[PDB]
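Before any comments, here is the structure.
Each chain gets a letter, A, B and so on, in the order its sequence line appears, and its residues count up from 1. These numbers come from the heavy atoms of this one structure, side chains and all, not from hydrogens, waters or symmetry mates. Ligands are counted one by one from 1 in listed order, and the atoms in each one are counted from 1 as well.
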Amino acid sequence: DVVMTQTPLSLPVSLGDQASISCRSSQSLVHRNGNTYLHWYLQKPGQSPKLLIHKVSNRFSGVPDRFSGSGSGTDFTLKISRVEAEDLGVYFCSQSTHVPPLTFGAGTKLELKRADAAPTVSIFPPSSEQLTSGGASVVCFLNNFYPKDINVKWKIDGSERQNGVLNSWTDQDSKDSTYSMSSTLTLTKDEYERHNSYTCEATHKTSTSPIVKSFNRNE
Amino acid sequence: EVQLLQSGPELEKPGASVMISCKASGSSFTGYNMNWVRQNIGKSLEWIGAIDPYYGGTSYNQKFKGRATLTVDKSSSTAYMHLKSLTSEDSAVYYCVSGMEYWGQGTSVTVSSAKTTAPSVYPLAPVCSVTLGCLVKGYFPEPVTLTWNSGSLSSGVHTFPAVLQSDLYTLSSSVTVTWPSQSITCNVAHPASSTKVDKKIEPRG
Ligand SMILES: CC(=O)N[C@H]1[C@H](O[C@@H]2[C@H](O[C@]3(C(=O)O)C[C@H](O)[C@@H](NC(C)=O)[C@H]([C@H](O)[C@@H](CO)O[C@]4(C(=O)O)C[C@H](O)[C@@H](NC(C)=O)[C@H]([C@H](O)[C@H](O)CO)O4)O3)[C@@H](O)[C@H](O[C@H]3[C@H](O)[C@@H](O)[C@H](O)O[C@@H]3CO)O[C@@H]2CO)O[C@H](CO)[C@H](O)[C@@H]1O
Ligand code: NA
């Protein structure tokens, strides 16, 4: 591949701020035909990507003037002169000078800034319904936090448990710009019944101490 | 308006193949190469290949080790992508892209050995605001729909994207709110298995 290196990978901004996104190729994108095949796409959450800029600087149909692209050779820049809400999403650069293979940058997520918010953490022992069937999931929600970086562990009687964990996260909330996460630890009933203490442990910017929610199996 | 209408979702076992279609309207089908790109579960974009629909010439990303074959039917303005010997690494959303300008709506491919499987739905009451939860475990395929009190609790809800593990999906949702004085029920549907279930969240005894 002609490797496309996009920076930053994450770009928190306020609505109305400008934005600048850079993309560098591992060799020149000038084609023997004189064109330079460097394009920029936006993918809004849950949708297909859409073309914004083709051949370095050409605005595609319907793309507003606040988007402009520039650059040459190996160094390119996408500028957004005033970020609007509809602009939030993931931007990808791509080259099609050297095909095959056409290649993409890793993406830059244009995200809304907001004040720090500590996660609201809730832990749930296995339902009696699940246990009657021989399974045991422990669930932990870590909701409405900002910024997005967070660490989450399960501890069982003080030991880290990695095996049997499934995590999922929501995209940044359109309404309150926070992030939420779920972590689910699944054990057999028999294994669940040979430990006492279950803990969902997080670290986040908002606390110097870990954020802990725990229960003991017997109540 | 250029439109690219892709075929519906695919569910296949490891080692099987898929054949995805893309029906183009509103531009010159033979005037642009049809490209194919997938978006991996990690969200990276990965180009598979391109076909010139006029002469039928193709180019491919060698990463696919010849497993992908592109074809067109000019009689129906339809481009096709066949991908063989599937593994879980091929679970992705697949796009056709006309001239790298217009994108189709995507076709999901999920590689799993599971047959249709109804979820188990478990109410999650708090340890002995309030936050309650519902765990929707062990189902196949996507999607499910989940609501709280039939949609009457919508604020303070977080329903998480399902995650595939050992061939089946698990989703969860939380609702933050009083209770237990007023009833709170999670309503779960899984169309594929004709499952509709309601689970009342009861305090733990
Ligand atoms: C083999 C090669 O050099 N590949 C180049 C390619 O070169 C162009 C010609 O290649 C073909 C091809 O793909 O094989 C010929 C096809 O017949 C033609 N398809 C048509 C007409 O439907 C196809 C297109 O020109 C295609 C590029 O692949 O153009 C477009 C597209 O329609 O899809 C144009 C879009 O604007 C562009 N999108 C954006 C956003 O910019 C897309 C996009 O880049 C691709 O879809 C990505 O996959 O591409 O091209 C090649 O035959 C030709 O060379 C001729 C000389 O021009 C001629 O003077 C001499 O006598 O014979 C040569 C051999 O036939 O050169 C064409 C470029 O000028 O260009 C690609 C550019 O993306 C790429 O560089 C690829 O490596
Ligand atoms: Na513990």
Below 4.0 Å from any atom of ligand 1, is there a heavy atom belonging to [X]?
{"X": "B:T30", "answer": "yes"}
{"X": "A:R32", "answer": "yes"}
{"X": "B:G31", "answer": "yes"}

Can you tell which part of B:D52 has a heavy atom less than 4.0 Å from ligand 1: side chain, backbone, both or neither?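 Within the 4.0 Å criterion, B:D52 contacts ligand 1 through side-chain atoms alone.
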Heavy-atom distances under 4.0 Å are what count here, so tell me which part of A:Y37 touches ligand 1: side chain, backbone, both or neither.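 Looking at A:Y37 and ligand 1, just side chain atoms fall under 4.0 Å.
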So for ligand 1, is [X] a polar contact partner (N or O within less than 3.5 Å, distance only)?
{"X": "B:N35", "result": "yes"}
{"X": "A:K55", "result": "yes"}
{"X": "B:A50", "result": "no"}
{"X": "A:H98", "result": "no"}
{"X": "A:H31", "result": "yes"}
{"X": "B:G99", "result": "yes"}

Main-chain N/O of B:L124 paired with B:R204 side-chain donor or acceptor, under 3.5 Å: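 Such a contact is absent between B:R204 side chain and B:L124 backbone.
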Got a salt bridge between A:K205 and A:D116, using NZ or NE/NH1/NH2 to carboxylate O under 4.0 Å?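 Salt bridge present between A:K205 and A:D116.
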Under-4.0 Å salt bridge between B:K63 and A:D1: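 A salt bridge is absent here (no side-chain N lies under 4.0 Å from a carboxylate O).
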Would you please indicate yes or no on a ring centroid separation below 6.0 angstrom for [Y] and [X]?
{"X": "A:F215", "Y": "A:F124", "answer": "no"}
{"X": "A:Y192", "Y": "A:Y198", "answer": "yes"}
{"X": "A:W40", "Y": "A:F76", "answer": "no"}

Test item: protein heavy atom less than 4.0 Å from atom 56 (C) of ligand 1: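 Under 4.0 Å from atom 56 (C) of ligand 1, zero protein heavy atoms found.
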Heavy-atom distance from atom 11 (C) of ligand 1 to the protein below 4.0 Å?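 Looking at atom 11 (C) of ligand 1, one finds that no protein heavy atom lies closer than 4.0 Å.
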Could you work out, with side chain to side chain contact (heavy atoms under 4.5 Å, CB included) as the rule, every residue matching A:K153, not counting sequence neighbours?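 Applying side chain to side chain contact (heavy atoms under 4.5 Å, CB included) to A:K153 gives A:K155, A:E160, A:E201.
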Checking B:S76 now: which residues fulfil side chain to side chain contact (heavy atoms under 4.5 Å, CB included) with it, not counting sequence neighbours?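 Applying side chain to side chain contact (heavy atoms under 4.5 Å, CB included) to B:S76 gives B:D73, B:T78, B:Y80.
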